[PDB]
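Which chain is which? The protein sequence lines are A and B, in order. Using the deposited numbering, count along the first sequence one by one with no gaps and you end on 809. The second sequence maps to residues 465 to 547, 551 to 804 in the deposited numbering. In this text, a Cβ means the ideal position worked out from N, Cα and C, and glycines have one as well. Inspection log for the structure reproduced underneath, given as structure tokens.
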Amino acid sequence: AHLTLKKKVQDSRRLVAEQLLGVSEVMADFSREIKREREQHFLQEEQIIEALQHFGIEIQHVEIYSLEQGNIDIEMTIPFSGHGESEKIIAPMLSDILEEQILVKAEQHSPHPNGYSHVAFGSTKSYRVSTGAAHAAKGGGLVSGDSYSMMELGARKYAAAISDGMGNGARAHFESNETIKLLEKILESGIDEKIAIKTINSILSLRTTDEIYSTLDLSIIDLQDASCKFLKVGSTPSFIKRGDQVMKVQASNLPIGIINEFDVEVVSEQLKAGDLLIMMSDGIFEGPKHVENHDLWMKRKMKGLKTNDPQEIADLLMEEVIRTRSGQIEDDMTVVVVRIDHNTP
Amino acid sequence: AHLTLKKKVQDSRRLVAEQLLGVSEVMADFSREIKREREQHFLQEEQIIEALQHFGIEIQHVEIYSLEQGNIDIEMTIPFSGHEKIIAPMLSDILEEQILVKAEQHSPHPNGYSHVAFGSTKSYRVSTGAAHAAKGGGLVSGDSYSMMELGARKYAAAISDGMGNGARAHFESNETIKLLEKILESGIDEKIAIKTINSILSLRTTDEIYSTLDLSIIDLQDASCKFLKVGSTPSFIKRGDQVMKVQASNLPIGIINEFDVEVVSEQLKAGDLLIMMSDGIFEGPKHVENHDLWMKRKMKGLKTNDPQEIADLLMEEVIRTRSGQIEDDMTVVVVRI
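Next up, the structure:
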């Protein structure tokens, strides 16, 4: 409730600049963070070659292909020698990485007095992951307004994202499918997840509307110690099932765009082997039209599930929401399940 | 190739990272370019207040609302005085454009009440017109266009195509122009504004990934034009009876080319007609070898200067080459000076 100020084109021009300066800040903040990751691995590489010279080990042949904390892969070649010397030179190799355990793969191919022993070292992963999902559209036809994806990023972590958006058929998929495709590439870079969401949230800021773009739900399970990073930027609830318990995780923040200041909060939970992480969109959680308490209804539905296969769990919950109606589907429905259990190699 | 590249996921993610550093590079360069203009507007502002002070009227309460080379608008307060001569030097220190007067003398009394406002001057009036059509002749077309004015200095016109189908391409075309409508509005170098759009739209590292673009910028200062073409989409200029075609060798939007986009400049005068079309109109007539010579004879047959009629009478004539069929999305934009 102010004056007129009808010469407002300049006020819009300089305001759009701050939108372009704001996103340029998170891009520069992303550039210095990835450069910091380049300097750590480079410093780790220098520290590794000095440690070899000092310890009584032979530098007959060496090749370093890549050195990420998740995907550790280096190759060496040393004289044949004898006994457990191929692995007791690895004890300092674990300590030089300071964080990761290293295993040995020794390929000795020289049935002659001359020494030709080629060896490769790789990272170790714990907790094997099993996946499965169920998909459904509002009209049950062709393409749904909800999009999901779940891919593994090397050895360390398994990712799972779900995006919603608008309710229209074509108007919501092209906007929801693009979010996951943009997230599927930014998460592949190996950047901090809390920063990766601000970077996606900044790029997708368009028109300065309310609830502009695709809401999203990201869950990343670290295989190092079976920890999870619950990132909710779509305000969609998620659940964890351990035997017969059902623990609900939720977070306060608004959809993707520039709807909130001071970005997105992270939520962490600790799980063990045999646990079941199920996620759904708003079409399943608010699916049944004749239900008041959607939290108790979703908890009791899982306690009746008597299986550990993640594929069946996604379907028995999906069709149970359909059972509450006369086969009706009043909204786009999507559910993703992930199970955790050790490798036991 | 080389080895069997077992753990390519490491080599494939370092490449995706470098793609994301490239767009982060032009974004930091975009920030330094607008900061350069913000330091230019600030350095000129300090240059203004000392020149305004040295005068028998004193600065009093001068108000500078905004000072970009396109929209110059400032207000001052001066004594009643009598017989605008303070604006001829005010135009010289800014070193560009021209300034007009707008001084209204309120209170016809020997008081010192007198408000004044100064604004930029624009030359060469623009006239617009376009024609729209869908692939199946339906409601949803794969081509999207827009033509808005950015203050006083320039009139813009963009056309994007993309895929052939109506649904898969309507989102990619509508998104390109909406993203272009915000990057051009910020006020930045046109050559750098294109590398900003193309870097953001780099996704999946495919061939001919996203929407091809056709940008035409008409400067109202001296009637110069900046032809920016991403996708080798031809355009034409009509002056009386001449038909000049502009083209560029660069490839569609994405990261399909290195060393960014070449800029093309042209000089036009009054009465000229800038027409633009997508690949659905230029390749409209299917039983034609030379699409350029065919399009040239069609414009010499156009006998009107109304930009709206030119867009329809050219589009409807492309339909006549077929049996009323529309084999692809069609879009044409006409601009007169």
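Residue i - containing alpha helix (DSSP H), residue span
i, result
"residue 560 of chain B", "554 to 561"
"residue 640 of chain B", "633 to 650"
"residue 755 of chain B", "Premise fails: residue 755 of chain B is in no alpha helix (DSSP H) and is neither H nor E."
"residue 785 of chain B", "774 to 787"
Where the beta strand (DSSP E) through residue i begins and ends
i, result
"residue 519 of chain B", "Here residue 519 of chain B belongs to no beta strand (DSSP E), and DSSP marks it neither H nor E."
"residue 668 of chain A", "Taken as a continuous stretch (DSSP letters only), residue 668 of chain A belongs to no beta strand (DSSP E), as it is neither H nor E."
"residue 750 of chain A", "Segment: none, residue 750 of chain A is in no beta strand (DSSP E) and carries neither H nor E."
"residue 586 of chain B", "582 to 587"
"residue 630 of chain B", "Neither: residue 630 of chain B is in no beta strand (DSSP E) and is coded neither H nor E."
"residue 803 of chain B", "797 to 803"
"residue 675 of chain A", "No beta strand (DSSP E) holds residue 675 of chain A; DSSP gives it neither H nor E."
"residue 612 of chain A", "611 to 613"
"residue 709 of chain A", "709 to 713"
"residue 693 of chain A", "691 to 696"
"residue 596 of chain A", "592 to 600"
Through-space distance from residue j to residue i, alpha-carbon basis
i, j, result
"residue 582 of chain A", "residue 468 of chain B", "18 Å"
"residue 749 of chain B", "residue 701 of chain B", "8 Å"
"residue 671 of chain B", "residue 685 of chain B", "34 Å"
"residue 797 of chain B", "residue 746 of chain B", "8 Å"
"residue 550 of chain A", "residue 521 of chain A", "10 Å"
"residue 564 of chain A", "residue 532 of chain A", "10 Å"
"residue 471 of chain A", "residue 683 of chain B", "26 Å"
"residue 502 of chain B", "residue 726 of chain A", "26 Å"
"residue 776 of chain A", "residue 660 of chain A", "32 Å"
"residue 553 of chain A", "residue 578 of chain A", "21 Å"
"residue 655 of chain B", "residue 767 of chain A", "59 Å"
"residue 612 of chain A", "residue 627 of chain A", "6 Å"
"residue 480 of chain A", "residue 562 of chain A", "46 Å"
"residue 761 of chain A", "residue 599 of chain A", "20 Å"
"residue 576 of chain B", "residue 530 of chain B", "31 Å"
"residue 736 of chain A", "residue 709 of chain A", "13 Å"
"residue 734 of chain A", "residue 601 of chain B", "54 Å"
"residue 717 of chain A", "residue 793 of chain A", "27 Å"
"residue 518 of chain B", "residue 507 of chain B", "18 Å"
"residue 754 of chain A", "residue 632 of chain B", "40 Å"
"residue 447 of chain A", "residue 504 of chain A", "Residue 447 of chain A is absent from the model: chain A starts at 465 and stops at 809."
Exposure label - residue i; buried when at least 16 CB within 10 Å
i, result
"residue 719 of chain A", "buried"
"residue 585 of chain A", "buried"
"residue 807 of chain A", "exposed"
"residue 752 of chain A", "buried"
"residue 696 of chain A", "buried"
"residue 496 of chain A", "exposed"
"residue 738 of chain A", "exposed"
"residue 773 of chain B", "exposed"
"residue 652 of chain A", "buried"
"residue 610 of chain B", "buried"
"residue 640 of chain B", "buried"
"residue 771 of chain B", "exposed"
"residue 705 of chain B", "buried"
"residue 642 of chain A", "buried"
"residue 664 of chain B", "buried"
"residue 795 of chain A", "buried"
"residue 615 of chain B", "exposed"
Contact set for residue i: own chain, Cβ-Cβ below 7 Å, skip 5 residues either direction
i, result
"residue 674 of chain B", "723"
"residue 759 of chain A", "712"
"residue 693 of chain B", "657, 684, 730 and 732"
Close beta carbons around residue i, own chain, < 8 Å, minus the five adjacent residues each side
i, result
"residue 687 of chain A", "589, 590, 591, 593, 619, 620, 621 and 622"
"residue 543 of chain A", "522, 524, 579 and 581"
Own chain, CB closer than 6 Å to residue i, minus 5 neighbours either side, in chain order
i, result
"residue 525 of chain B", "541"
"residue 607 of chain A", "637"
"residue 572 of chain B", "581"
"residue 570 of chain B", "583"
"residue 714 of chain B", "701"
"residue 666 of chain A", "487 and 490"
"residue 658 of chain B", "730"
"residue 742 of chain A", "703 and 801"
Check: residue i C-beta below 8 Å from any heavy atom of the ligand HEM
i, result
"residue 487 of chain B", "In terms of ligand content, the structure shown is empty, and the ligand HEM therefore cannot be addressed."
Closer than 9 Å to chain E by CB, residue i
i, result
"residue 618 of chain A", "Of the protein chains in this structure, namely A and B, none is chain E."
What residues from the segment 733 to 755 of chain A come within 7 Å of chain B, judged by C-beta to C-beta, listed N to C? none
Name, going along the chain, the residues of the segment 500 to 533 of chain B whose beta-carbon falls closer than 8 Å to a beta-carbon of chain A. 529, 530 and 532
Contacting positions in the segment 755 to 779 of chain A - beta carbon closer than 7 Å to chain B: none
What residues in the segment 651 to 679 of chain A bring their beta carbon closer than 8 Å to a beta carbon of chain B? 652, 653, 654, 667, 670 and 671
Going along the chain, which residues of the segment 472 to 487 of chain B sit with their C-beta nearer than 9 Å to a C-beta in chain A? Listed by position, the residues of the segment 472 to 487 of chain B near chain A (Cβ gap below 9 Å) are 473, 474, 475, 476, 477, 478, 480, 481, 483, 484, 485 and 487.
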